[PDB]
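> What follows is a single structure, and I will ask about it in a moment.
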Number of protein chains: 2
Amino acid sequence: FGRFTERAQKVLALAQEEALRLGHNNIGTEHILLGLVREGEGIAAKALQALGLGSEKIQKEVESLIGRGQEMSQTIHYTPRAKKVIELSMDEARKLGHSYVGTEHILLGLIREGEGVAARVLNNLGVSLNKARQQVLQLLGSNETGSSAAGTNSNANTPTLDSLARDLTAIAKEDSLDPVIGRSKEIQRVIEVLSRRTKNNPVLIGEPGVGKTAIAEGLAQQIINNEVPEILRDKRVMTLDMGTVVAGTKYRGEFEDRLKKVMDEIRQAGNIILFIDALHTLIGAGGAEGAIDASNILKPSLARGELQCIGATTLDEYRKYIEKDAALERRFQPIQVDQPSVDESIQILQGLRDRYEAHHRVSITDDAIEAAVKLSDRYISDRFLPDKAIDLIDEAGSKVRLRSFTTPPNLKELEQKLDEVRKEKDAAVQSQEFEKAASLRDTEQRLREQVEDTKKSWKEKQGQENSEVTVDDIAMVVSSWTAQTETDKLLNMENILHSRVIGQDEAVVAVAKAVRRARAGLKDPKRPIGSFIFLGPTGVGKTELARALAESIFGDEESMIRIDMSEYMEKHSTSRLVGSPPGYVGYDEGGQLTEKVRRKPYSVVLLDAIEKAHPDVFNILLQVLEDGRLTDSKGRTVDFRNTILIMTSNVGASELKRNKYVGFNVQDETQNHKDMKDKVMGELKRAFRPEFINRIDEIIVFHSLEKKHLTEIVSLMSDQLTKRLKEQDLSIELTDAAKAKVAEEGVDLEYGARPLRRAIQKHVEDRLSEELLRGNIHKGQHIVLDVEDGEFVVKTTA
Amino acid sequence: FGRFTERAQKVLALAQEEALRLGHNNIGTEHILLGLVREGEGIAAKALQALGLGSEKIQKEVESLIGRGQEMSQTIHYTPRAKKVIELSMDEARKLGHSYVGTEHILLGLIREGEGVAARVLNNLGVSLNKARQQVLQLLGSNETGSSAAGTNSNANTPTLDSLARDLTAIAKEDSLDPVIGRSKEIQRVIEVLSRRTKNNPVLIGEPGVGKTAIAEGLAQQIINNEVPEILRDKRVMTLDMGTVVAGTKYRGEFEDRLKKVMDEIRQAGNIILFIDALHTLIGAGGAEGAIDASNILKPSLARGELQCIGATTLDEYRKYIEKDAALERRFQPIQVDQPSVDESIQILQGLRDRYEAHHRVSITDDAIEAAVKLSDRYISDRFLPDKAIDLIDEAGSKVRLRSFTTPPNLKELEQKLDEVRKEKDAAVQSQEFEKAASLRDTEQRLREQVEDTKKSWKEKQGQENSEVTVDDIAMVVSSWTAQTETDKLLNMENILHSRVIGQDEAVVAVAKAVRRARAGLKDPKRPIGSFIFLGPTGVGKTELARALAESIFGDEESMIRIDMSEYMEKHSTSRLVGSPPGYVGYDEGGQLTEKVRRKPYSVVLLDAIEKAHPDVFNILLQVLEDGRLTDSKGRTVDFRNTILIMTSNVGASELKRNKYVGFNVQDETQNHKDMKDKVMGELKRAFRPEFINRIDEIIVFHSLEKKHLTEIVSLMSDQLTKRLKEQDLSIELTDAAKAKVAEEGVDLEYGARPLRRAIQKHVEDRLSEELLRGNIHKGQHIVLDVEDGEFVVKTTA
């Protein structure tokens with residue numbers, strides 16, 4: 001039902017006692033009622049005893065019902081009536097100060113459900129339903145136990161400390177104050193700044209937003225025992241809570257007045273610590289609106305150090321307060337608030353991990369924690385390092401906890417069946433159709449037990465799967481977003497990149513391995529997952545791999561940035577004029593490159609044809625390649641952390657486009673291979689500076705046809721064909737038998753490689769469409785245009 | 001009289017029984033009254049029997065009104081009295097919770113209609129009208145029908161469930177709400193997210209706009225029966241829904257406070273699931289302004305795992321929450337939600353067909369759905385895949401149902417007469433003018449019946465027509481906007497393109513058929529539905545076809561975007577289209593091309609002069625043709641889906657200007673045809689960079705004239721001639737003989753047939769106008785340019 005204590009449950013179970021003992025085959029509210037009076041000295045029972053009802057008195061009425069009875073007590077469970085009462089009471093005990101459920105609450109809950117079996121039992125045994133709830137109630141209430149109140153055993157403090165406000169020291173006497181998670185060196189660092197009084201205030205600057213407040217609670221604790229100096233010893237800690245300070249008078253003027261009142265009482269000689277949150281706002285410096293200019297009072301008080309205070313200030317705002325002068329900053333002092341970096345991340349995860357067992361399957365395993373962090377860093381995305389983490393851990397740790405209970409095969413189908421019956425049955429009884437309902441009822445109960453037995457027979461599937469939550473689990477979950485499906489993308493990357501790369505087995509494998517290394521959790525996360533320079537030809541080379549990489553790692557062809565370096569041979573912006581240039585490398589930094597990768601920090605950054613472009617532009621790109629950042633535009637830091645940077649180039653192109661053929665011998669395959677496997681890496685060095693090339697994982701080499709890179713261009717256009725009809729309905733393929741025959745038409749010596757789209761168009765597309773309009777193919781079928789007899793044939797494969 | 005209960009309708013028809021039985025030829029309320037008291041055990045009847053009125057008592061009065069009576073009962077229908085009583089009863093039923101109006105309500109309806117036939121019957125039989133309505137009320141008029149008394153159980157629920165809101169758990173107990181449509185494996189994938197609590201929130205990302213809420217209703221069901229985790233044994237789903245919260249509160253601060261209360265009740269921790277609909281609005285991040293940043297409360301609540309929630313964010317928004325940090329991603333987690341793609345579309349169509357049943361034309365057919373879907377996808381193509389679809393089926397799904405019943409033999413003329421009568425008759429009857437009315441009345445009812453028989457005579461045309469909404473029906477309707485008669489626009493494309501093109505028989509058939517190929521299905525919808533190069537002379541074929549293509553395929557002449565790629569060169573746009581720092585290649589990527597085509601992604605994109613245009617431009621153009629998309633404008637996707645990219649090319653002209661002369665020789669002309677239709681697609685290739693232009697579907701070559709062509713060009717000029725004067729309200733026509741004499745001026749070896757507009761201007765426009773100005777014809781009569789003796793002749797005919 002929920003969560004209950006004994007006392008409750010006992011009155012309920014006494015109902016079951018009555019199930020067989022009174023023969024109430026399913027036990028109504030009356031048995032629950034009897035239950036209440038029958039635990040004797042339970043608060044419900046006691047109430048009923050006030051009304052004069054003994055276990056007897058209830059039971060006599062109760063016995064006048066079924067009368068001991070159907071002692072088979074078929075379906076020896078509750079009734080729907082009693083199930084309402086139990087559910088009501090439980091919650092009616094939450095309502096009446098009890099997290100779970102107490103005996104009293106069940107009688108009270110009975111009263112609530114005052115039309116049920118209990119209710120009529122009680123209206124037959126005289127006593128009113130509210131007189132009963134009265135009696136239970138007067139054995140609840142008058143709480144104040146486990147609590148009291150205290151100020152400060154000094155309270156020299158009084159005119160201030162009355163007003164205005166909570167004191168961290170006070171609330172920490174019994175310790176009803178949460179840690180909160182650190183930000184641990186910060187708590188130490190607070191005592192550095194706070195046993196100061198011309199740097200009175202530690203001033204916590206960081207993401208708000210992780211829980212700055214954890215650090216603050218730090219101070220309180222350490223002034224007691226014992227990290228603190230003798231300075232911060234012999235002190236009392238008071239928080240300047242903004243709401244009481246503004247008061248019900250609801251003005252800034254009132255806020256200042258109350259804050260002043262604290263400053264006068266500060267006569268404790270700096271032995272009082274006052275906490276001023278958003279101290280910069282109070283200083284009133286920075287912005288076009290200061291947000292009150294308390295700085296005037298605060299400055300001599302802080303400077304004298306009589307006001308010794310605690311600062312919570314915002315990253316930029318804090319600068320814009322110490323700038324104010326001349327002892328304003330003789331308070332605040334900055335301190336790094338922990339927003340977890342990757343190692344720290346792991347530790348945070350772990351700290352609330354075990355508690356993911358409120359929604360079970362996680363915690364466990366260690367490797368998964370590590371994965372959570374690490375796997376996010378290379379695969380998905382710009383997100384914060386512990387947030388990334390914790391999510392994966394829980395994500396997978398649940399994914400599977402359902403797959404337990406989704407493996408009952410799909411014995412959900414059982415549940416489905418039972419419905420059809422009920423219906424049939426019900427409607428049949430309504431006709432009567434007595435026994436014509438009968439068998440349908442019976443058919444139900446067959447089902448009912450069958451259904452339920454196999455949904456919880458896969459509680460064995462819970463003990464089987466439902467904790468393990470590994471790297472693999474975590475990766476699958478990281479992929480959900482985007483080490484199962486983060487390394488399977490990698491491990492089979494080469495296969496995937498080759499199917500949209502035009503040959504160039506060299507290129508595919510080079511990129512494949514470098515990305516597969518980095519993206520599997522083992523390298524290049526700060527910089528691009530692969531920075532690369534690609535020399536090759538085009539359409540039998542480079543671009544097509546840039547596309548294929550975007551597609552495989554990040555999802556979709558068009559998750560690809562694209563900047564032209566030939567414009568960065570700049571002077572296209574003085575008088576030829578090109579998109580919004582402050583002056584062209586300034587365009588790259590100031591807008592184009594940085595904005596685009598900030599937009600997708602999870603994409604193939606494609607810096608096309610770096611080539612003869614200004615080496616200074618390459619220095620700018622070099623910061624991406626090394627650091628994986630640029631800081632530009634408006635002060636944005638653009639995370640190329642989870643990009644794969646691909647720079648194309650070519651000035652070797654011709655050979656890289658010139659075959660690998662048996663053009664005059666088979667040694668023309670194997671030295672043309674070698675020729676291309678040379679031409680990329682030396683035209684690379686000749687194109688631009690080595691410094692550039694040096695922050696590049698691999699030099700991706702693109703070759704050309706044995707027969708074979710050519711026939712892959714045919715298959716790139718033919719694959720654009722195979723892809724394009726499902727959007728309107730229809731599965732199209734040019735069969736490989738035909739992709740070969742279509743490839744036959746792309747040979748001349750003097751012109752090839754390009755005509756292929758068109759010849760696929762004529763011989764496939766055009767041929768299939770002029771046969772589809774006639775009505776030789778139904779919609780949503782698979783259309784293979786094949787060769788079957790050495791000629792085109794449209795065959796279907798659904 | 002509406003769709004209402006039988007019991008009502010029965011008292012009404014019983015009036016008709018009294019119509020003939022007492023001879024009250026048209027039935028007043030006494031007969032309705034009689035109906036009421038005579039049905040015995042109807043609530044009205046029973047009431048009247050209380051009041052002391054048996055069928056007898058009423059009928060005695062009724063019989064004393066007429067008795068027997070014209071049993072012929074001339075016009076044996078209702079009259080305004082009885083019809084009012086019915087209208088009234090309905091209102092007397094409205095008040096008693098009956099839209100299905102019953103026996104009581106009519107007796108009640110009588111009461112309403114005091115000093116009427118019922119009413120006076122009752123005031124003669126000593127029964128006061130309100131005592132009668134009383135009597136009915138105190139039987140049926142105290143409705144409590146279908147009582148269950150709502151709710152579930154539970155009481156702890158109070159702070160949450162008070163607020164806000166109809167909980168998912170409630171609606172699935174009796175299954176009182178629609179599923180609606182999933183995304184079923186998604187419901188499983190969501191419950192996975194409810195098996196976790198530090199990635200708590202499944203986050204449904206998709207169009208709003210799908211009926212997403214169906215997946216959410218999913219959860220409820222799977223947590224119940226029965227295979228769901230140990231976690232989700234004790235799970236309850238309680239809803240946080242914004243709409244009720246904002247209503248009657250009208251402040252952001254208060255709204256947030258209510259959301260805080262919702263977060264608080266979650267103390268049932270590890271027993272409760274909270275549904276946050278529009279979780280994205282709450283996150284209040286990723287924009288430049290929030291939508292109320294509740295995220296601050298939700299994120300730590302989720303991290304602690306006390307809150308565990310069901311999230312609906314948005315496509316991009318899931319990123320823009322996971323960015324927020326540092327347990328902001330420990331909230332959201334993505335889930336796949338689809339707006340129906342084309343195959344799904346077919347299923348949507350069919351599913352709601354049966355619900356359009358009150359049209360008897362939607363009904364049917366599989367093929368009709370298929371047409372709707374398939375045709376919509378390629379043609380308009382400006383909406384979404386099932387919506388487009390369902391609209392076509394239904395478009396046709398009346399169009400023909402109207403052709404069923406366009407006019408039953410249009411005796412609306414009959415009615416016109418019957419009117420003339422009404423008047424004639426009326427005014428005669430008004431004077432007396434007795435027999436002078438007689439024949440007029442008689443003429444009236446003569447007419448009247450005559451109307452009605454032929455007004456229902458295309459119910460024989462219903463037994464002929466009354467369903468047909470097949471393929472062709474659908475096609476016609478899509479053509480109405482813009483398989484068979486929309487695909488007749490594709491199949492008969494050549495005919496359509498030639499009629500608004502300057503000859504160019506080569507060009508017309510090539511584009512026509514190539515587009516028709518793609519629009520059948522095969523020839524690339526991912527890519528532009530036609531990529532093309534149009535070579536030849538401009539204005540002498542090219543542009544004019546781009547227009548004509550738009551017209552046949554897309555349904556509008558001027559559904560044509562048009563960008564010049566040569567300005568994107570900056571070669572005639574270093575000084576001509578540019579000034580200040582921003583300029584033209586920036587226009588092409590940055591907005592012009594991408595924005596315009598995103599607006600209409602069903603337009604002829606006409607990319608002017610792409611030979612000598614930027615080599616950078618061609619990389620972009622190639623990307624349009626291949627990928628079918630460009631991603632520019634900082635992340636906008638421009639759908640070159642059912643665009644027809646038409647790239648023009650200056651070169652070719654000379655051969656195209658050579659013609660298939662009637663005489664010159666015979667050898668070279670019919671080989672000049674063959675020469676221009678071949679050589680031109682190769683003058684393209686020699687002029688510039690192949691990779692873009694070959695990765696196009698077809699290379700279209702445009703004549704100028706083909707000698708052969710002239711008399712077709714003149715008839716385009718003549719149609720341009722004849723139309724522009726209609727705007728000013730004059731009808732002119734050139735006879736074909738006269739269009740012929742103009743055609744004489746564009747025969748030609750090498751000069752094409754660009755001169756034909758001008759020569760129509762000189763010999764027609766100018767000539768007719770030089771005859772119109774001189775007062776031979778004056779302002780608003782018909783002007784024929786004829787040839788009669790081989791010479792021009794200006795004729796008048798109006």
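Residue numbers start at 1 in each chain; chains themselves are named A, B, ... in the order of the structure tokens; ligands are numbered from 1 in the order shown.
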Residue 692 in chain B: which residues within 8 Å, counting only C-alpha atoms, same-chain residues fewer than 6 positions away excluded, as a list in words?

residues 618, 619, 621, 622 and 625 of chain B

> Do you know which residues are at most 10 Å from residue 206 in chain B counting only C-alpha atoms, after dropping those on the same chain fewer than 2 positions away, and could you put them as a list in words?

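With the cut-off at 10 Å, the set is residues 203, 204, 208, 209, 210, 211, 212, 312, 313, 314, 315, 316, 334, 335, 336, 337, 338 and 339 of chain B.
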
> Would you mind writing down, as a list in words, each residue of range 395-559 of chain A that DSSP on the backbone assigns to strand (DSSP E or B)?

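Restricting range 395-559 of chain A to strand (DSSP E or B) produces residues 532, 533, 534 and 535 of chain A.
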
> Could you give the RMSD, in Å, left over when chain B is least-squares superposed onto chain A across all Cα atoms paired sequentially?

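The superposed chains show a C-alpha RMSD of 2.7 Å.
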
> CA of residue 660 in chain B to CA of residue 758 in chain A: how many Å, to one decimal?

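So the answer is 27.0 Å.
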
> Need the shell around residue 645 in chain A: protein/DNA/RNA residues with any atom at most 7 Å away, counting only C-alpha atoms. Skip same-chain ones fewer than 3 positions apart. Format as a ChimeraX atom specification?

/A:528,530-532,604-606

> What is the distance between CA of residue 583 in chain B and CA of residue 693 in chain B, in Å to one decimal?

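CA of residue 693 in chain B lies at a distance of 25.0 Å from CA of residue 583 in chain B.
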
> Compile the contact shell of range 101-114 of chain B as a PyMOL selection string: residues with an atom at most 9 Å away, counting only C-alpha atoms, same-chain residues fewer than 4 positions apart removed.

chain B and resi 3-12+29-30+32-33+36-37+39+42-48+81-82+84-94+96-97+118-120+128-130+132-134+136-137+139-141

> Write out as a list in words which residues come within 12 Å of residue 492 in chain B when counting only C-alpha atoms, dropping same-chain ones fewer than 5 positions away.

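Contacts, in chain order: residues 484, 485, 486, 487, 497, 498, 499, 508, 509, 511, 512, 513, 515, 516, 517, 549, 552 and 553 of chain B.
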
> Would you mind listing, as JSON, numbers by chain, all residues of chain B that have at least one atom within 6 Å of chain A, where only C-alpha atoms are what counts?

{"B": [153, 154, 155, 156, 192, 195, 196, 197, 198, 199, 227, 228, 229, 231, 270, 323, 325, 326, 327, 329, 330, 342, 374, 377, 517, 520, 522, 523, 524, 525, 526, 570, 574, 581, 582, 583, 584, 585, 586, 691, 694, 695, 697]}

> Could you state the separation of CA of residue 740 in chain B and CA of residue 787 in chain B in Å, given to one decimal place?

8.2 Å

> Pull the alpha helix (DSSP H) assignments for range 440-537 of chain B out of DSSP run on the backbone, and list those residues as a ChimeraX atom specification.

/B:440-455,460-465,471-481,484-491,493-498,505-518

> Residues near residue 274 in chain B, anyone? I mean within 10 Å using only C-alpha atoms, not counting same-chain ones fewer than 3 positions away, as a ChimeraX atom specification.

/B:160,167,194,200-201,235-240,262-263,265-266,277,306-311

> Please save C-alpha atoms of the selected residues as a PDB file, in the first residue's frame.


ATOM      1  CA  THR B 160       0.216  18.405  -3.787  1.00  0.00           C
ATOM      2  CA  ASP B 167      -3.124  12.957 -11.643  1.00  0.00           C
ATOM      3  CA  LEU B 194      11.750   6.479 -13.710  1.00  0.00           C
ATOM      4  CA  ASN B 200      15.516  11.322 -12.947  1.00  0.00           C
ATOM      5  CA  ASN B 201      13.763  12.891 -15.790  1.00  0.00           C
ATOM      6  CA  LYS B 235       5.680   4.461  -7.297  1.00  0.00           C
ATOM      7  CA  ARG B 236       2.804   6.889  -7.597  1.00  0.00           C
ATOM      8  CA  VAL B 237       2.610   9.439 -10.401  1.00  0.00           C
ATOM      9  CA  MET B 238       1.481  12.893  -9.286  1.00  0.00           C
ATOM     10  CA  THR B 239       1.236  15.730 -11.794  1.00  0.00           C
ATOM     11  CA  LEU B 240       2.670  19.260 -11.816  1.00  0.00           C
ATOM     12  CA  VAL B 262       4.625  20.503  -5.264  1.00  0.00           C
ATOM     13  CA  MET B 263       8.366  19.802  -4.737  1.00  0.00           C
ATOM     14  CA  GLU B 265       5.174  16.769  -0.865  1.00  0.00           C
ATOM     15  CA  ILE B 266       7.723  14.571  -2.684  1.00  0.00           C
ATOM     16  CA  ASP B 277       5.054  19.080 -18.100  1.00  0.00           C
ATOM     17  CA  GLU B 306      13.492  12.859  -3.388  1.00  0.00           C
ATOM     18  CA  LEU B 307      12.179  14.394  -6.592  1.00  0.00           C
ATOM     19  CA  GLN B 308      12.175  12.047  -9.454  1.00  0.00           C
ATOM     20  CA  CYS B 309      10.269  13.334 -12.339  1.00  0.00           C
ATOM     21  CA  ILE B 310       8.892  12.954 -15.829  1.00  0.00           C
ATOM     22  CA  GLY B 311      10.234  15.654 -18.132  1.00  0.00           C
TER      23      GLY B 311
END

> I'd like the contact shell of range 661-676 of chain A - 10 Å cut-off, only C-alpha atoms, skipping same-chain residues fewer than 4 positions apart - returned as a tab-separated table (two decimals) with N, CA, C and O atoms, in the first residue's frame.


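What ended up in result.tsv:
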chain	number	residue	atom	x	y	z
A	504	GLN	N	40.13	5.06	-50.59
A	504	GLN	CA	41.00	5.72	-49.67
A	504	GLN	C	40.98	5.04	-48.35
A	504	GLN	O	40.52	5.58	-47.35
A	506	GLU	N	43.46	3.91	-46.70
A	506	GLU	CA	44.42	4.66	-45.94
A	506	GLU	C	43.78	5.70	-45.05
A	506	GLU	O	44.07	5.77	-43.86
A	535	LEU	N	45.15	15.23	-47.00
A	535	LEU	CA	45.41	15.60	-48.39
A	535	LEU	C	44.87	14.49	-49.21
A	535	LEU	O	44.70	13.37	-48.73
A	536	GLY	N	44.52	14.78	-50.47
A	536	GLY	CA	43.83	13.82	-51.26
A	536	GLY	C	43.34	14.51	-52.46
A	536	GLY	O	43.69	15.66	-52.68
A	537	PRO	N	42.43	13.90	-53.18
A	537	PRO	CA	41.74	14.57	-54.25
A	537	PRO	C	40.38	14.87	-53.68
A	537	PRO	O	40.21	14.73	-52.48
A	652	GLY	N	48.81	17.82	-53.60
A	652	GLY	CA	49.29	16.54	-54.05
A	652	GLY	C	48.23	15.87	-54.88
A	652	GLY	O	48.55	14.94	-55.62
A	653	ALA	N	46.98	16.39	-54.78
A	653	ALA	CA	45.71	15.94	-55.35
A	653	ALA	C	45.72	15.03	-56.55
A	653	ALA	O	45.01	14.03	-56.56
A	654	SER	N	46.49	15.41	-57.59
A	654	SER	CA	46.57	14.76	-58.89
A	654	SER	C	46.89	13.29	-58.85
A	654	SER	O	46.31	12.52	-59.61
A	655	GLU	N	47.82	12.88	-57.96
A	655	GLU	CA	48.27	11.52	-57.85
A	655	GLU	C	47.30	10.76	-57.00
A	655	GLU	O	47.04	9.58	-57.19
A	656	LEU	N	46.69	11.51	-56.07
A	656	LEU	CA	45.78	11.07	-55.07
A	656	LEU	C	44.46	10.81	-55.71
A	656	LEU	O	43.61	10.15	-55.12
A	657	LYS	N	44.28	11.33	-56.94
A	657	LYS	CA	43.16	11.17	-57.82
A	657	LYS	C	43.56	10.21	-58.91
A	657	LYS	O	42.70	9.57	-59.52
A	680	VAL	N	50.46	12.81	-49.94
A	680	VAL	CA	49.65	13.58	-49.05
A	680	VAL	C	50.55	14.27	-48.06
A	680	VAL	O	50.61	15.49	-48.02
A	681	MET	N	51.30	13.49	-47.26
A	681	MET	CA	52.24	13.99	-46.29
A	681	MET	C	53.40	14.87	-46.73
A	681	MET	O	54.11	15.34	-45.84
A	701	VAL	N	45.39	10.25	-45.59
A	701	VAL	CA	45.89	10.03	-46.92
A	701	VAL	C	44.80	9.54	-47.77
A	701	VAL	O	44.12	8.59	-47.40
A	702	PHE	N	44.59	10.14	-48.95
A	702	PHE	CA	43.51	9.74	-49.78
A	702	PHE	C	44.09	9.40	-51.08
A	702	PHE	O	45.02	10.03	-51.57
A	703	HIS	N	43.64	8.24	-51.56
A	703	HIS	CA	44.09	7.58	-52.73
A	703	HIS	C	42.98	7.60	-53.72
A	703	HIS	O	42.07	8.42	-53.65
A	704	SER	N	43.13	6.75	-54.75
A	704	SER	CA	42.23	6.64	-55.85
A	704	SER	C	42.40	5.26	-56.41
A	704	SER	O	43.05	4.41	-55.82
A	705	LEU	N	41.70	5.01	-57.53
A	705	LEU	CA	41.16	3.75	-57.95
A	705	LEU	C	42.10	2.66	-58.35
A	705	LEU	O	42.95	2.82	-59.22
A	706	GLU	N	41.82	1.45	-57.85
A	706	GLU	CA	42.45	0.25	-58.31
A	706	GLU	C	41.65	-0.14	-59.50
A	706	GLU	O	42.15	-0.34	-60.60
A	707	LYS	N	40.33	-0.10	-59.27
A	707	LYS	CA	39.27	-0.19	-60.22
A	707	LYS	C	38.22	0.70	-59.61
A	707	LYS	O	37.38	1.20	-60.35
A	708	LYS	N	38.40	1.13	-58.33
A	708	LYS	CA	37.73	0.57	-57.19
A	708	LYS	C	37.32	1.73	-56.34
A	708	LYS	O	36.34	1.64	-55.62
A	709	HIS	N	38.03	2.87	-56.45
A	709	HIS	CA	37.76	4.10	-55.75
A	709	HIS	C	36.76	4.84	-56.58
A	709	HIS	O	35.86	5.49	-56.07
